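Taking the form deposited in one PDB entry, here's one chain by itself in structure tokens.
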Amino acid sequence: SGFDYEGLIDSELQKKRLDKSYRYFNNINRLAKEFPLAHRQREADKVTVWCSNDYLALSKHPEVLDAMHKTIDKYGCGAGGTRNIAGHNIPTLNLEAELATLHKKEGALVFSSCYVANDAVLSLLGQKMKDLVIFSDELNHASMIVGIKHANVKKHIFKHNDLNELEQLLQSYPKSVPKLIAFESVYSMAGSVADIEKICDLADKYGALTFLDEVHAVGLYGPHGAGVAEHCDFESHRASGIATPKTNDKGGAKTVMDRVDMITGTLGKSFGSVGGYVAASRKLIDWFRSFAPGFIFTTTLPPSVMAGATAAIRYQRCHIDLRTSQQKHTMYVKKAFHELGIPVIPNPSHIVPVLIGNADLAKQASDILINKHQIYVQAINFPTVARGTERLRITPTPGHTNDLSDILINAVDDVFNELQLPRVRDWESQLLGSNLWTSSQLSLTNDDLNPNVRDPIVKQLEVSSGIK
């Protein structure tokens, strides 16, 4: 007999168990009628979910559900084909148009997932420019890492958010060498934020494209939820609404969001659905549409799923109260943790990473929270984060009111004592250690938005179907 395939797999699975990164998924059945509750195996066994990426609770929004129900009745479930063959349609057109409008770009292209979007764009760039050099933040997501490998070009990794190191790398190449700077706006495991504007400045100076993943930012930053790039020119964007502003927030001609060449997002988090996208110039979009195999050779997302996301995007654009209440909830939890010496990785975003520092203790903390306190928070271990930096990821939403927060705070405090986990004081004696939303921005209401953001009559893009 030949190779021992079963032996190779056995030993590979055993390494996961011995190093204790072997994952057990929790049966979590999220309740649309009782957000943010979920049930486990039994309907009667409920927990409060504190680690979902349904950041704005739009997965259960009436306009999202209604859009789904109506679309299902008209279109059915599946698209029934690919974009080329029988799977191109009005829900697709409306969604691409909505995303392009959100990022104030010429075009947007929808993919199965942002994982696929990231892989497709990065792969194609590298496969069509073999001389390309990619500069990648060390904390970039798996999707981007995989895309960068697939691109199959020279790559440099820079220390996280270290723009001195990035500039030194950029500088060591002639300007005429094609370059790509690949980064995220908000890094999900730490909640850290990129200086998008400074990166755009570096791109201008050294002749690089910019690729920006706003997956943990869309819905959440900027007056309309277009992301951190929008937040960079918050007041310009707020004044102009849907329109491109006359000037950026410093009185210059171009906004940050305009200067970024390629912006990717998800429909699977804030926008309450599933899918991915890239927003960019008409030329870039047409190129991806025409050449990306991960776009071309795959069933189109169901119409209903697209209709849902479109509804979510439209609603959130003109409901800044979603963001203000999320930020308030987050800040409430963060300040309560600070007072109790519960160690939170400091960040200016909506993510609350509670530092544990140990794989087994993080899993046990998660275990006790769900079984004893009916709180669902997931442990983040290697390989998603560095060994020794293990943590619990907590993500408050507009639905996590202060009464629910109080229960969380009490439970986490309690679990820290039960496991005798290190407090902030203890960490100081012995790691990974200031808010994007300002008080000014946090006191805005929906009345302070440009009325042109309420039910815009958004027209379909020619590029979605092909250009004459």
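Shifts are known only where both forms have a C-alpha. So that there is no doubt, residue numbering starts at 1 and follows the sequence shown. Take the two forms, find the largest set of C-alpha atoms that superpose within 1.5 Å, and that set is the rigid core.
The next section is about a form of this same protein that is not shown, the form deposited in another entry.
Superposition of the core reveals a Cα shift of less than 2 Å for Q420 between the shown form and the other one.
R30 is among the residues whose C-alpha shifts by 2 Å or more between the shown form and the other one once the rigid core is aligned. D447 shows a C-alpha shift below 2 Å between the shown form and the other one [criterion: core-superposed Cα displacement of 2 Å]. After superposition on the rigid core, the stretches of at least three consecutive residues with Cα shifts of 2 Å or more between the shown form and the other one are 1-36, 81-84.
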